[PDB]
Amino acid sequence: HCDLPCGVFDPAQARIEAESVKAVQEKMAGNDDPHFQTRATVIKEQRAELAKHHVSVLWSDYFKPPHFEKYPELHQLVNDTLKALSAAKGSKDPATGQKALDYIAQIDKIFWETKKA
(Lines of atoms letter the chains of each structure in order from A and count residues from 1; the text may use other names and numbers.)
(Lines give C-alpha, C1' and ligand atoms only; values in the text may rest on other atoms or scores of the structure.)
Protein backbone atom coordinates (compact mmCIF):
# COMPACT_ATOMS: atom_id res chain seq x y z
CA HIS A 1 0.00 0.00 0.00
CA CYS A 2 3.15 2.12 0.47
CA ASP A 3 4.71 1.25 -2.92
CA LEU A 4 7.94 -0.48 -1.69
CA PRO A 5 6.22 -2.77 -2.60
CA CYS A 6 5.36 -4.10 0.88
CA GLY A 7 2.59 -6.25 -0.64
CA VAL A 8 0.09 -5.36 2.15
CA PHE A 9 -3.20 -4.06 0.81
CA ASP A 10 -6.78 -4.13 2.08
CA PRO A 11 -9.84 -2.33 0.60
CA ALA A 12 -10.88 -1.94 4.30
CA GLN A 13 -8.79 1.25 4.40
CA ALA A 14 -10.86 2.86 1.68
CA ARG A 15 -14.10 1.40 3.21
CA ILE A 16 -13.45 2.77 6.68
CA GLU A 17 -12.91 6.30 5.30
CA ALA A 18 -16.02 6.02 3.15
CA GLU A 19 -17.97 4.81 6.20
CA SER A 20 -16.91 8.05 7.93
CA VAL A 21 -18.09 10.04 4.94
CA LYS A 22 -21.60 8.52 5.24
CA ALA A 23 -21.62 8.80 9.07
CA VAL A 24 -20.88 12.53 8.73
CA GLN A 25 -23.59 13.03 6.08
CA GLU A 26 -26.10 11.34 8.43
CA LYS A 27 -24.98 13.51 11.39
CA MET A 28 -25.50 16.56 9.20
CA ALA A 29 -29.34 15.96 9.20
CA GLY A 30 -29.39 16.05 12.98
CA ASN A 31 -27.81 19.40 13.91
CA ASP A 32 -28.34 22.57 11.94
CA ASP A 33 -25.84 24.71 13.87
CA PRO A 34 -23.76 26.61 11.23
CA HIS A 35 -20.47 25.87 13.00
CA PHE A 36 -21.29 22.13 13.24
CA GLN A 37 -22.40 22.03 9.59
CA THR A 38 -19.10 23.70 8.60
CA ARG A 39 -16.89 21.30 10.62
CA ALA A 40 -18.85 18.37 9.18
CA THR A 41 -18.29 19.68 5.61
CA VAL A 42 -14.49 20.15 6.33
CA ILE A 43 -14.06 16.66 7.78
CA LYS A 44 -16.22 15.02 5.06
CA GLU A 45 -13.95 16.54 2.41
CA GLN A 46 -10.84 15.13 4.11
CA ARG A 47 -12.12 11.62 4.68
CA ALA A 48 -13.50 11.36 1.10
CA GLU A 49 -10.07 12.45 -0.23
CA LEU A 50 -8.31 9.79 1.86
CA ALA A 51 -10.85 7.21 0.62
CA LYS A 52 -10.03 8.23 -3.00
CA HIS A 53 -6.35 7.88 -2.34
CA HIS A 54 -6.79 4.32 -0.91
CA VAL A 55 -8.92 3.29 -3.95
CA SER A 56 -6.40 4.76 -6.38
CA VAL A 57 -3.44 3.01 -4.67
CA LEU A 58 -5.23 -0.36 -5.00
CA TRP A 59 -5.79 0.23 -8.69
CA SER A 60 -2.24 1.44 -9.39
CA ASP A 61 -0.11 -0.52 -6.94
CA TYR A 62 -1.98 -3.74 -6.16
CA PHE A 63 -3.93 -4.62 -9.34
CA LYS A 64 -1.74 -5.90 -12.22
CA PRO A 65 -2.23 -6.86 -16.00
CA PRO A 66 -3.60 -10.39 -15.29
CA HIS A 67 -6.27 -8.84 -13.01
CA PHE A 68 -7.33 -6.32 -15.61
CA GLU A 69 -7.42 -9.19 -18.07
CA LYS A 70 -9.68 -11.32 -15.91
CA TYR A 71 -11.85 -8.35 -14.82
CA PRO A 72 -12.20 -6.17 -17.94
CA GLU A 73 -14.72 -3.93 -16.07
CA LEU A 74 -12.21 -3.19 -13.28
CA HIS A 75 -10.69 0.02 -14.74
CA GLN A 76 -14.20 1.54 -15.12
CA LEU A 77 -15.35 0.33 -11.74
CA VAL A 78 -12.38 2.01 -10.07
CA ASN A 79 -13.09 5.21 -12.01
CA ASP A 80 -16.81 5.06 -11.04
CA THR A 81 -15.75 4.52 -7.41
CA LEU A 82 -13.61 7.64 -7.39
CA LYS A 83 -16.36 9.73 -9.02
CA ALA A 84 -18.86 8.39 -6.48
CA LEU A 85 -16.51 9.54 -3.70
CA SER A 86 -16.32 13.00 -5.36
CA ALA A 87 -20.12 13.10 -5.54
CA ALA A 88 -20.16 12.22 -1.82
CA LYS A 89 -17.75 15.13 -1.11
CA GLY A 90 -20.10 17.44 -2.93
CA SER A 91 -23.23 16.25 -1.15
CA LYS A 92 -24.89 16.17 2.30
CA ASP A 93 -27.13 13.22 1.28
CA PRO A 94 -26.10 9.85 2.90
CA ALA A 95 -27.35 8.04 -0.22
CA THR A 96 -24.20 9.40 -1.99
CA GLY A 97 -21.90 8.05 0.77
CA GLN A 98 -23.77 4.72 0.50
CA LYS A 99 -23.27 4.59 -3.30
CA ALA A 100 -19.49 5.08 -2.77
CA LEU A 101 -19.57 2.22 -0.26
CA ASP A 102 -21.46 -0.05 -2.72
CA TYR A 103 -18.76 0.58 -5.33
CA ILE A 104 -15.95 -0.08 -2.82
CA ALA A 105 -17.78 -3.32 -1.94
CA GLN A 106 -17.51 -4.47 -5.58
CA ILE A 107 -13.76 -3.68 -5.44
CA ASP A 108 -13.38 -5.67 -2.21
CA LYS A 109 -14.99 -8.85 -3.68
CA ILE A 110 -12.68 -8.65 -6.73
CA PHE A 111 -9.65 -7.95 -4.47
CA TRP A 112 -10.30 -11.03 -2.32
CA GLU A 113 -10.90 -13.29 -5.38
CA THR A 114 -7.47 -12.25 -6.72
CA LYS A 115 -5.92 -13.00 -3.31
CA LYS A 116 -7.26 -16.56 -3.47
CA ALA A 117 -4.63 -19.08 -4.71
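Note that residue numbering follows the sequence shown and begins at 1.
The stretch with the higher mean CA B factor, choosing between 51 to 59 and 27 to 35, is 27 to 35. Residue-level temperature factors show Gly90 in the middle third of its chain, judged at the C-alpha atom.
Remark: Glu19 belongs to the highest third of its chain, ranked by C-alpha B-factor as recorded. In this PDB entry, the Cα temperature factor of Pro65 sits in the bottom third of its chain's modelled residues, the lowest group.
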